[PDB]
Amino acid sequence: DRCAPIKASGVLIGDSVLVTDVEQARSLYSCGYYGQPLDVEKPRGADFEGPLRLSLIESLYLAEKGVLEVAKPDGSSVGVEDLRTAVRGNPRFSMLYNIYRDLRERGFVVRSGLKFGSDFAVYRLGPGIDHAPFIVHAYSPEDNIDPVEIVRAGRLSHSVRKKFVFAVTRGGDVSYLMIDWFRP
């Protein structure tokens, strides 16, 4: 689909970016489900007051796509590349980021997986709308894991949908392992 153009300013404070103008706030939430409102957990679509918090990796993405202008509290501008620094300076964020970019670039709506015990929760249409067919955990292909962890996954995915994905990333490339229970 084709939402609109944009469009939105925020302050960089801590590792996150706040968006305090209410219309921008609802704007972004309604136009791609970006950010998270600081007065409501699970909003009725986009009736909330905000501010809308954006995760640093959300931030860099929106900045990149010329949608978000980030400023520091003193008013001074924060570059795309300033953001690319701050994200590349946090191993978790760093691994996260290329998977987000890829997933958003594939047209999915990407949200925090926290409530399903994983890194990303991934929707076709969006939260409250569809259901999130996919649960993602992020990994460098150099990460070690005990095989039981694979099961733990099939656990996590037990109650929502026995199907979770491993999203592996290096050198800005990404490949995903579909894993679903199976009967020989």
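We number the residues from 1 along the sequence you see.
**Student:** On mean C-alpha B-factor from the PDB entry, just flag whether 155-163 or 35-43 is the higher one.
**Tutor:** Per the PDB record, 155-163.
**Student:** Mean CA B-factor: is it higher for 107-115 or for 75-83?
**Tutor:** Between 75-83 and 107-115, it is 75-83 that shows the higher mean C-alpha B-factor.
**Student:** Just the C-alpha B-factor column, please: which of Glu58, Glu69, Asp130, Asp146 has the biggest number?
**Tutor:** Result of the comparison over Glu58, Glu69, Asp130, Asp146: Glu69.
**Student:** By its CA B factor, does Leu62 count among the lowest, middle or highest third of the modelled residues in the chain?
**Tutor:** Its C-alpha B-factor, which the entry lists for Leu62, ranks in the lowest third among residues of this chain.
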